[PDB]
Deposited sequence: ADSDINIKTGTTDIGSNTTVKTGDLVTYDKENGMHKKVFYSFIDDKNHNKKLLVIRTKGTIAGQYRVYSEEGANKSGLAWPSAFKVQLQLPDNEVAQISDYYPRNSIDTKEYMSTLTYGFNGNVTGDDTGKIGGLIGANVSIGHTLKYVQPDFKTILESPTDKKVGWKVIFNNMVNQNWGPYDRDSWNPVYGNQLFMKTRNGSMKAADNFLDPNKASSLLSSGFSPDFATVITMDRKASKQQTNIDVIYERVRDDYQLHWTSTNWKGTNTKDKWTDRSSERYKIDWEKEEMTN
């Protein structure tokens, strides 16, 4: 990157011969089960024209993958985490601005391969033409939602998942006989409906054991501001889907309803640029 322009590596980076005052702030939201942690760092270079503060948004958002209700032996439900989110808003009153962020959106790729085979038999001359196309498919996608001057947020959505080494299924799949078989343990099962869901160990880890963010947003403030103090709000949330499965007198049929419940955990932090410390 920088070395390709004949500039020495690390020349244009910042933070040299200066003292960062790091920190840590841990919260637990027992109502929603969101361990929260806001590691920060106040980088003050005399060369840089603005102060800096990198906010690491570590933590954990618990999956909460469980059978929420059952109605007899022919109907049951399941609530699973459809998407995890982490937002970092900043009041429009304040004059500090978000400078950068990481991770960011990346461009996909796919391999395309084509064939052309023709042979002869001892005359049955044949010709064969074919093309194949391959690409990788993560179970969960870390999308950086579009940022602005005061707001930046991420989300992790549910791409698709392979159910007992059989089919990549997604929230939109539909099969006329069996319905959406995303978390259906057995098709022609004879057990109670409440006990015919995929074992959470068999599923992805993020579904039941939760997703632990690692995100960064550096915010810069003018060095001659009238007041050196800005509050910030950071919001965690998860969106859960209702997966119902019931018996049609011949086989199980499963249906999925998108974005059934969403629970937000919001915390407000006050930043003190002069003291170089921000508090709960």
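Absence of C-alpha coordinates is noted for just one segment of the deposited sequence, namely 123 to 135.
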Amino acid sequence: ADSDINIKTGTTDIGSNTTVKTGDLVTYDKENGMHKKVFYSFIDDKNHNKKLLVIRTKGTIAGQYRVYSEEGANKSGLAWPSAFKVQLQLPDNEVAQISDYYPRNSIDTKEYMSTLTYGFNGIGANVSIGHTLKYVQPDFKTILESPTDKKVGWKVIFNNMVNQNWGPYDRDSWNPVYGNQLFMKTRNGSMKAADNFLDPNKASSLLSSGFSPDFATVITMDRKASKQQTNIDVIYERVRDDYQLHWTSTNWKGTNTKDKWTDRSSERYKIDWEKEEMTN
From here on, numbers count along this sequence of modelled residues.
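Here, rigid core means the biggest group of C-alpha atoms that superpose within 1.5 Å across both forms.
Stretch comparison, 35 to 43 versus 211 to 219: after rigid core superposition, larger RMS CA deviation in 4 other deposited structures of this protein is found for 35 to 43.
RMS Cα deviation from the shown model in 4 other deposited structures of this protein, rigid core fit, is larger for 159 to 167 than for the other stretch of the pair 145 to 153 / 159 to 167.
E111 is a gap in at least a third of the other entries compared, counting only those with both neighbours built.
Among the other PDB entries of this protein that were compared and that flank it with modelled residues, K192 is modelled in all, so it is never left out in a third of them.
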